[PDB]
Novice: 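Here it is, the structure, as structure tokens.
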Number of protein chains: 4
Amino acid sequence: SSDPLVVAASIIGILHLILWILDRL
Amino acid sequence: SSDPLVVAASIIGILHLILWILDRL
Amino acid sequence: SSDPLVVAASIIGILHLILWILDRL
Amino acid sequence: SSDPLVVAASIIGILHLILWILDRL
Ligand SMILES: N[C@]12C[C@H]3C[C@H](C[C@H](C3)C1)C2
Ligand SMILES: [Cl-]
């Protein structure tokens, strides 16, 4: 288990890489 | 719970995405 | 122990830096 | 506590933002 803020940052991180990849594809 | 280092990096990761969006718009 | 979604985001974050370094060079 | 893979990704995430700022400034 993890802190809700860490879970929130994990969702944000995944979206970050997706947008970063799409911004180049 | 999460380690303090993980909580700190979570805040930093959120900041990182916010900065990337603002810098992309 | 960490939430599985946090472990997934950790793997994705590590990949993110690898790709980021490769794309800048 | 947090998984070592999460701790590693936290260190790497912090380093990632540092490099992003330096390259931005
Ligand atoms: N990039 C991340 C660092 C830390 C571990 C994992 C989830 C959160 C917090 C964002 C990847
Ligand atoms: Cl955790």
Side-chain angles (χ1 to χ4, degrees):
Chain A
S1 57
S2 306
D3 280 1
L5 181 58
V6 183
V7 179
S10 296
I11 298 168
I12 286 174
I14 299 177
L15 178 65
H16 187 180
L17 176 57
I18 291 176
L19 297 173
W20 187 84
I21 289 180
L22 292 174
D23 178 72
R24 288 166 179 70
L25 293 187
Chain B
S1 289
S2 300
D3 289 338
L5 184 63
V6 179
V7 180
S10 293
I11 297 175
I12 290 175
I14 296 176
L15 172 66
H16 191 174
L17 178 58
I18 292 178
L19 298 173
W20 183 92
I21 289 177
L22 295 172
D23 199 82
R24 177 65 181 89
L25 296 176
Chain C
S1 295
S2 303
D3 187 90
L5 176 56
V6 179
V7 175
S10 298
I11 299 174
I12 291 170
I14 298 177
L15 169 67
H16 192 169
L17 182 53
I18 295 178
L19 296 174
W20 190 88
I21 293 178
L22 292 173
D23 174 281
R24 297 294 181 192
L25 305 185
Chain D
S1 296
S2 301
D3 290 328
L5 199 61
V6 175
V7 182
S10 301
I11 304 171
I12 292 178
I14 297 172
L15 170 67
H16 192 176
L17 182 60
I18 293 177
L19 294 172
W20 189 94
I21 291 180
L22 297 172
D23 176 89
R24 182 56 174 87
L25 297 180

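Because only heavy atoms are used, hydrogens play no part in the values below, and waters and symmetry mates are left out as well, while side chains stay in. Chain naming here is simple, since letters A, B, ... match the order of the sequence lines and numbering starts at 1 in each. Atoms within each ligand, like the ligands themselves, are counted from 1 in listed order.
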Novice: At less than 4.0 angstrom from any non-hydrogen atom of A/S10, what atoms of ligand 1 do you find?
Specialist: 7 (C), 8 (C)

Novice: Return a yes/no value: protein heavy atom under 4.0 Å from atom 2 (C) of ligand 1?
Specialist: no

Novice: I'd like to know if the side chain of A/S10 reaches the main chain of C/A9, judged simply by a donor and an acceptor atom lying under 3.5 Å from each other, with no hydrogens or angles considered.
Specialist: no

Novice: What atoms in ligand 1 come closer than 4.0 Å to a heavy atom of C/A9?
Specialist: 11 (C)

Novice: Roughly how far, to the nearest 0.5 Å, is the CD1 atom of A/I14 from the CG atom of B/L17?
Specialist: 12.0 Å

Novice: Please check if atom CZ in C/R24 has more than 12 non-hydrogen atoms from other residues, nucleotides or ligands closer than 6.0 Å.
Specialist: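 Atom CZ in C/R24 is crowded, with more than 12 foreign heavy atoms closer than 6.0 Å.
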
Novice: Do the side chain of C/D3 and the main chain of C/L5 share a donor and acceptor less than 3.5 angstrom apart?
Specialist: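 Yes, C/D3 side chain to C/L5 backbone: donor-acceptor pair under 3.5 Å.
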
